[PDB]
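You are given structure tokens for the same protein chain in two forms, set apart as structure 1 and structure 2.
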Structure 1
């Protein structure tokens, strides 16, 4: 063969914090297919929005939106627990099929995106150049979002454990833990990554006894 069909730009979805998560890497030979299991961002979330992106930037807002669709009827469960398999499938004709399937409810939804969607060759070159020129600022964005997501998990799971420990947690500890949770929740609302890390570390440092109690419960 003298030529191959290949993807000029990465293809993926928007994930928690406004990030583009890639499912098909730039320069993949098509036909190609790829699935990845994702989940909900909140407790008891009953739907997910699949927002399909083309491009090389880390902020989903700086990529090219191809379309979106919702999958409904996800049964009540803690955040991160439902199993939503998302599949990108690009055929020999450059048509992209994107689907989401809830492995538990059996529900599925899908869309079809035309070969002619997304950026033209000029916009493709500009997007590559732009990603290169903002590589630092994109990397800092992605890392603030990861830190925020790790801090959010630490916060809600530490709340969950306070609740389970009940009066087994001594008064002074509950106080120090409440103080640290408040400072942490305030930091997660800012855009200062070192501050979030400082506050997560502070929560870690006053949680020793809470964690011992979780050990006793589940052990």
Structure 2
């Protein structure tokens, strides 16, 4: 064949830290269908937002918003435990169906996005050029968000370890941990990946007695 229908830009959803996670890559032939399992960002999260995006940028805010919906009734559980299956199905007429189902509760929500939605030919060309020109910066943003999320994992696992340790953890150790947690918290608001990792390293240095407990 010398011609066929494609979806012209990547389609995905916003994930933790303001990043776009792709479900359907740009130039995929249509009809097409793809599913991916997601989980919750925070402990005890009972609702999630499915924000549908079109584009090639790593920052969710830089892509074209197609629509959004909420999925609630998720049993409050530790972060990473819920299994939220997100499906993107584009039919032969370019109609996009997005659904999200929580595997444990069976709760499901969906949206239909018309084929005419999104960016036009000139905006598609500008999106491709802008993604290309900002490739290094978008990579750096993605690396920062991963570090910010890992930074949060170390902050989360340390705090769980401290509460479990209780009275057994000495005062000198606990005070050094509390201050190092604050320094990490502050660096996380910044955009310097190395500064975050350094505050993570400083925390781990004062948590040696905590890891033993």
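We call the rigid core whatever largest set of C-alpha positions still superposes within 1.5 Å between the two forms. Residue numbers count along the first chain shown, from 1.
Q: Given a superposition on the rigid core, I'd like a yes or no on whether residue 25 shifts its C-alpha by 2 Å or more between structure 1 and structure 2.
A: Comparing the forms between structure 1 and structure 2, which are aligned on their rigid core, residue 25 does not shift its C-alpha by 2 Å or more.
Q: Taking 2 Å as the cut-off, check whether the CA of residue 173 shifts that much or more between structure 1 and structure 2 after a rigid core fit.
A: True for residue 173: a C-alpha shift of 2 Å or more.
Q: Once the larger rigid part is superposed on C-alpha atoms, how many degrees is the smaller one rotated between structure 1 and structure 2?
A: Here the smaller part turns by 11 degrees.
Q: After aligning on the rigid core, report the distance the C-alpha of residue 133 travels between structure 1 and structure 2, in angstrom.
A: Rounded to one decimal, the shift is 0.7 Å.
Q: Taking the rigid core as the frame, how far in Å does the Cα of residue 202 move between structure 1 and structure 2?
A: It moves 2.7 Å at the C-alpha.
Q: What is the magnitude, in angstrom, of the C-alpha shift at residue 81 between structure 1 and structure 2 when the rigid core serves as the superposition reference?
A: On core superposition, this C-alpha lies 1.0 Å from its counterpart.
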